[PDB]
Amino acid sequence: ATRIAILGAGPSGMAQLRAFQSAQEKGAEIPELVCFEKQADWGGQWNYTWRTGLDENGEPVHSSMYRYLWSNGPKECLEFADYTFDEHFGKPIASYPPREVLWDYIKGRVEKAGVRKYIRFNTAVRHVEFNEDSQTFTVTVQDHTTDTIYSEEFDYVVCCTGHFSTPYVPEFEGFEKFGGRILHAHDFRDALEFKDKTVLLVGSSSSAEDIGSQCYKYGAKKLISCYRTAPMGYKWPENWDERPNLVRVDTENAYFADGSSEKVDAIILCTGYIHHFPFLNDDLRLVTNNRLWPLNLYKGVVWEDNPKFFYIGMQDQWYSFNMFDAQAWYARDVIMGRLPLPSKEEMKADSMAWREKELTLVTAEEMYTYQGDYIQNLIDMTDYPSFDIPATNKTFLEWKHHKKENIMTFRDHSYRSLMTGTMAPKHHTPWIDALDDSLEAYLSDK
């Protein structure tokens, strides 16, 4: 019998299981499924934890998610094609819900799917080895409930371990002497810790502007954004300055490429992440910068040096959940034989075509349209329910318009569901005043 190892029970791992399960509901015979997850519960990034650095078992803490996090884009842009917001909540909700709400929603689908049973929680994957003699993988894991290390054999391996958890943490001169907190976006947890403080935000990611927004929204004295990249275009609040790149700091102050100086209390490095898989050797290890099209991934999923090994969600994410679904539905169908693979040379070449296309992209719009086209190519091949991608692209377009209008009020906008045509209403509380991030307070009429 065929056995599949699914590494991670985040949205990608949840999608992979949901993919096989939906096919089983259709009457098809599926392979055995084993999903390994180092946390105690599913949700991946979305499973909030107070912990930082290393976890209860000594494993690097996975979630980079913080308190007061709300949907970064329109919820309409991440809605499942097979499990609507209407089906789960039973009513309309605003367009940018808090983390817990989007956690509830993603848990809802897999709970209904009945896939929890395939997952071995509290279990860290240690090593994945491809045996040439038998054409199978040995997957070595550490079960922290039993405190035992074991391995099993698998025919296919789908890696869903994410790529926003191992931080890229560059050093600047003076860091050793600095009297205040220095952390990466990854350790950022509670904006209250920075109340009445001057927080330096180093680098230019999407989290940079959001972490800043949370610190602003919860009473930080001042916010300083410094970055070597192009102006973001966003007009910030009164107590929010921009600077060119950081050069050094001392016991108290930050010094800039500007020639300028300033007192800062905490430094938050929003410098991004690295694709890090310490459980893989180089034959299987994906190595790439964070981008829309990494190489060595046929259809962005199939590992070209070993087409029995797969990666979900390893691309940078304009689209998220339904990309993972599209990806997992494709991976399923390749595993199940429903879609035979071309030659390695043919795969390599198809991948190069997607790569050259990527290098020609010069606008935000070209980028998510590109990824939207990649998703279209994926769902065309399988029985994943198709949805209006071009209309998703317009919703994204609207979202970037709303960001440019006012960077602090973009979450007060509402959008039309592309799955059901349901119009999201204005939330009861405007973002800047919605200090309570609970699912209970959000779904309330109060």
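One-based numbering along the sequence shown.
- Averaged over their C-alpha atoms, the temperature factors of 323 to 331 and 129 to 137 are higher for 129 to 137.
- Across the two stretches, 160 to 168 and 191 to 199, the PDB entry reports the greater mean Cα temperature factor for 191 to 199.
- The residue among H144, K344, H184, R99 whose C-alpha atom has the highest B-factor in the PDB entry is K344.
- Across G272, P92, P294, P278, the greatest Cα temperature factor reported in the deposited entry is at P92.
- Sorting the modelled residues of the chain by their CA temperature factor places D350 in the highest third.
- Remark: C35 belongs to the lowest third of its chain, ranked by C-alpha B-factor as recorded.
- Remark: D316 belongs to the lowest third of its chain, ranked by C-alpha B-factor as recorded.
- The deposited CA B-factor of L378 belongs to the middle third of values across its chain.
- Per the PDB record, residue ranking by Cα B-factor puts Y105 in the middle third of the chain.
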